[PDB]
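Taking it in order: structure first as structure tokens, then the write-up.
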Amino acid sequence: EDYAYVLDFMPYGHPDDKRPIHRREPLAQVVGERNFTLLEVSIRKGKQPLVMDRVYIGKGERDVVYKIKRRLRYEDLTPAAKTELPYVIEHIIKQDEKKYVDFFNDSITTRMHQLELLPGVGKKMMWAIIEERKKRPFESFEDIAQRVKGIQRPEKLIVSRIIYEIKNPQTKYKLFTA
């Protein structure tokens with residue numbers, strides 16, 4: 001990951017930190033914009049990151065993040081971070097609609113289609129999506145919600161899958177978190 005989005009900022013770190021206050025550093029939990037990697041990072045002095053802020057976590061000079069502390073499991077996220085996760089992921093995919101709308105217009109597996117990997121998309125829905133794809137490839141999300149009748153917001157479907165993968169690293173297929 002080169003960039004991540006802020007899920008939660010803790011000026012004094014975790015509330016249960018057992019170390020003396022002067023040794024606690026400001027921390028943020030973030031989600032990578034490419035593979036949705038969950039990370040805990042320290043924040044530089046004088047910075048007050050906001051939820052949804054995009055921060056650089058690459059090898060060059062970092063303006064806000066100090067150090068990357070460790071990769072996190074879904075359970076390691078703070079309550080606030082968990083609440084924000086779906087909203088932040090949705091924000092991320094909307095900033096790169098091209099790549100995801102591309103997923104819809106989508107190889108096959110066997111007796112199971114990839115579209116079915118999306119929570120809220122079963123046999124009926126997948127064929128409905130495939131039937132529309134034939135005519136003309138989708139050019140956006142709104143285009144999908146308008147053409148594919150009764151289909152839940154495509155963004156929500158994507159967010160649901162990403163969250164599913166983040167929670168289940170052992171799942172056999174990693175569509176967006178590989």
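Following the order of the structure tokens, chains are lettered A, B, ..., residues in each are numbered from 1, and ligands are numbered from 1.
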
Problem - Polymer residues at most 10 Å from residue 52 in chain A, only C-alpha atoms, same-chain spacing of 2 or more positions, as a ChimeraX atom specification - result: /A:4-8,30-31,49-50,54-55,84-85,87-89,91-92

Exercise for the section: Pull the strand (DSSP E) assignments for range 7-152 of chain A out of DSSP run on the backbone, and list those residues as a PyMOL selection string. Expected result: chain A and resi 7-10+27-32+38-43+54-56+65-71

Exercise for the section: Pull the alpha helix (DSSP H) assignments for range 10-145 of chain A out of DSSP run on the backbone, and list those residues as number ranges by chain. Expected result: A: 79-94, 97-104, 123-135, 141-145

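We find CA of residue 69 in chain A and CA of residue 83 in chain A to be spaced 21.6 Å apart.
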
Exercise for the section: Go through A:111, A:149, A:62, A:161 and flag the residue nearest residue 128 in chain A, using only C-alpha atoms for the distances. Expected result: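 Checking each candidate against residue 128 in chain A, we get A:149 as the closest.
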
Exercise for the section: Kindly give the distance, in Å, that separates CA of residue 116 in chain A and CA of residue 133 in chain A, rounded to a single decimal. Expected result: 15.4 Å

For range 103-107 of chain A, find every residue with an atom within 8 Å (counting only C-alpha atoms), except residues of its own chain fewer than 3 positions away, and show them as a tab-separated table (two decimals) with N, CA and C atoms, in the first residue's frame.
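File written: out-v9.tsv
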```tsv
chain	number	residue	atom	x	y	z
A	99	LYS	N	-12.26	0.75	-12.07
A	99	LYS	CA	-11.75	-0.57	-11.73
A	99	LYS	C	-12.80	-1.57	-11.24
A	100	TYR	N	-13.80	-1.09	-10.50
A	100	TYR	CA	-14.83	-1.98	-9.98
A	100	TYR	C	-15.98	-2.21	-10.95
A	113	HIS	N	-20.43	-18.86	-10.08
A	113	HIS	CA	-19.95	-17.72	-10.84
A	113	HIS	C	-19.41	-16.66	-9.88
A	114	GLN	N	-18.41	-15.91	-10.31
A	114	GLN	CA	-17.81	-14.89	-9.47
A	114	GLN	C	-18.81	-13.88	-8.91
A	115	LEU	N	-19.80	-13.50	-9.71
A	115	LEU	CA	-20.80	-12.54	-9.26
A	115	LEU	C	-21.51	-13.05	-8.01
A	129	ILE	N	-27.59	-9.88	-14.24
A	129	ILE	CA	-26.44	-9.02	-14.51
A	129	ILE	C	-25.78	-9.41	-15.83
A	133	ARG	N	-25.32	-7.34	-19.39
A	133	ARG	CA	-23.95	-7.15	-19.85
A	133	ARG	C	-23.82	-7.38	-21.35
A	137	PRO	N	-21.65	-3.12	-22.43
A	137	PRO	CA	-20.94	-3.15	-21.15
A	137	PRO	C	-21.31	-1.94	-20.30
A	138	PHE	N	-21.40	-2.14	-18.99
A	138	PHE	CA	-21.75	-1.05	-18.08
A	138	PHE	C	-20.68	0.03	-18.13
```

Exercise for the section: For CA of residue 26 in chain A and CA of residue 11 in chain A, quote the distance in Å rounded to one decimal. Expected result: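 Between CA of residue 26 in chain A and CA of residue 11 in chain A the gap is 4.3 Å.
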
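Counting only C-alpha atoms, the residue from A:112, A:1, A:174, A:93 that sits nearest to residue 157 in chain A is A:93.
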
Please tabulate, as a Markdown table, the residues of range 58-154 of chain A that come within 12 Å of range 41-46 of chain A, each with its closest pair of atoms and the distance in Å to one decimal, counting only C-alpha atoms and ordering rows by chain, then residue number upward.
```
| residue | atom | partner | partner_atom | distance |
| --- | --- | --- | --- | --- |
| A:61 | CA | A:44 | CA | 11.8 |
| A:62 | CA | A:44 | CA | 9.0 |
| A:63 | CA | A:44 | CA | 7.9 |
| A:64 | CA | A:44 | CA | 5.7 |
| A:65 | CA | A:43 | CA | 4.6 |
| A:66 | CA | A:43 | CA | 4.9 |
| A:67 | CA | A:42 | CA | 5.3 |
| A:68 | CA | A:41 | CA | 4.3 |
| A:69 | CA | A:41 | CA | 5.0 |
| A:70 | CA | A:41 | CA | 7.2 |
| A:71 | CA | A:41 | CA | 9.0 |
| A:72 | CA | A:41 | CA | 10.4 |
```

Can you write just those residues out, N, CA and C atoms, as a CSV table (one decimal), in the first residue's frame?
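The new file selection38.csv reads:
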```
chain,number,residue,atom,x,y,z
A,61,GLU,N,9.1,10.6,1.9
A,61,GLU,CA,8.7,11.5,3.0
A,61,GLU,C,7.2,11.4,3.2
A,62,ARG,N,6.8,11.2,4.5
A,62,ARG,CA,5.4,11.1,4.9
A,62,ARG,C,5.1,12.4,5.7
A,63,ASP,N,4.1,13.1,5.2
A,63,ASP,CA,3.6,14.3,5.8
A,63,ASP,C,2.8,14.2,7.1
A,64,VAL,N,2.1,13.1,7.2
A,64,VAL,CA,1.3,12.9,8.4
A,64,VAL,C,1.6,11.6,9.2
A,65,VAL,N,1.7,10.5,8.5
A,65,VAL,CA,2.1,9.2,9.2
A,65,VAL,C,3.5,9.2,9.6
A,66,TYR,N,3.8,8.7,10.8
A,66,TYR,CA,5.2,8.6,11.3
A,66,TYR,C,5.7,7.2,10.9
A,67,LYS,N,5.3,6.2,11.7
A,67,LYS,CA,5.7,4.8,11.4
A,67,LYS,C,4.5,3.9,11.2
A,68,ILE,N,4.7,2.8,10.5
A,68,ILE,CA,3.6,1.8,10.3
A,68,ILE,C,4.0,0.8,11.5
A,69,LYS,N,3.0,0.6,12.4
A,69,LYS,CA,3.2,-0.2,13.5
A,69,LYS,C,3.0,-1.7,13.3
A,70,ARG,N,1.8,-2.0,12.7
A,70,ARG,CA,1.5,-3.4,12.5
A,70,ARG,C,0.2,-3.6,11.7
A,71,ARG,N,0.1,-4.7,11.0
A,71,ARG,CA,-1.1,-5.0,10.2
A,71,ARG,C,-2.1,-5.5,11.2
A,72,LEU,N,-3.4,-5.2,11.0
A,72,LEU,CA,-4.5,-5.6,11.9
A,72,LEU,C,-5.5,-6.6,11.3
```

Problem - Selection: 10 Å around residue 169 in chain A, only C-alpha atoms, excl. self and same-chain fewer than 5 positions, as JSON, numbers by chain - result: {"A": [73, 74, 164, 174, 177, 178]}
